[PDB]
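Included below are structure tokens for two forms of one protein chain, each presented in isolation as structure 1 and structure 2.
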Structure 1
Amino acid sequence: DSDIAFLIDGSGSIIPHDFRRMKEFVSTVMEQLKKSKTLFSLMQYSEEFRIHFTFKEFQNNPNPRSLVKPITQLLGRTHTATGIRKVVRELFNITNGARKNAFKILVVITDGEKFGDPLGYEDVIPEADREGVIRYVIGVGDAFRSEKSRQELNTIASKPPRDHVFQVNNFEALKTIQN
């Protein structure tokens, strides 16, 4: 009774090591949470956008490590805002596998540094609220180093931000959100 979407950062600011962490973190979340009938969808973003599997395509292929294995990095710039808008309008459409009256969960995995994006956060957030989209943010690299980066993670996440923002390396990231 929940639709979970993954919006992962694939920009060049994300080192290949941190991308493996992203690629392994998703596998853990999908394996340690099935736990049916939770549906999963994933889209990698940069300056371009690529849907690796929709809610329909995941319902046909149960194996988590199989759908994420061939995923590579885009290496463009970082368009976080546009990625968020694309998720709520496309991935959460019933034509893609989104079920009616099911919880909409967006898991934004970024380093908290949007760049080159024509869209701002103030253009995609008020739209994500009127659609009722639960937003979790998973910071990577030095997302907690700066102040503009940490406030960006809180900006993407809903309120309160203390229940949504987590570090990627945490293996207790799933056992803390289930309860």
Structure 2
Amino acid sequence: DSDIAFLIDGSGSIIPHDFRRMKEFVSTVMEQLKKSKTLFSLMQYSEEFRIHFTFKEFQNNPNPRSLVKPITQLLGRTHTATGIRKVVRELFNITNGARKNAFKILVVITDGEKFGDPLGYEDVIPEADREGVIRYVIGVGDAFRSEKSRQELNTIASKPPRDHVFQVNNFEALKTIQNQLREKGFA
């Protein structure tokens, strides 16, 4: 009864090793959730947006490693809000294998704040709420040390922030959170 979509930051600043670390993390997260009724989908975002696999694609090939392996980093700027809209509209759509009456979960992993985005969070968040999309955020690195950067995460995520926001020091620290998130992807 769960439909998990990943919105992964593939912007320039993420070094190749750290991108593969994030790829490996997503992979691991899917392996650990081998429940016949859990479907996964992935979109990469920067200034460009790419669907790597739909819920339909995943159902027809449930191997997480085979799906994650070919993903190549987009590079460029950060347009988080547009990504969220494109997830809600494209990934969570019946044509792409999205199951109605199944829990809508979005996991956002980002290394920095959105900038130069045509859309704002006020243009995307209410629609995601309306569609019943529970969203989790993993803020990676030093970009999320300020108070204004932290509120961005709290905006991105579902209320309360204490139950939906993660923050890690670096991409190597993603291995360290592989537990408490599994204990958040249940129903």
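Rigid core (definition): largest C-alpha set, two forms, superposition within 1.5 Å. The first residue in the sequence of structure 1 is number 1, and each one after it adds one.
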After fitting the core, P160 CA displacement of 2 Å or more between structure 1 and structure 2: no
Cα displacement of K35 between structure 1 and structure 2, core-superposed (Å): 1.9
Backbone CA shift between structure 1 and structure 2, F171, after core fitting (angstrom): 11.5
Per-residue C-alpha deviation between structure 1 and structure 2 [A143; rigid core superposition; Å]: 4.0
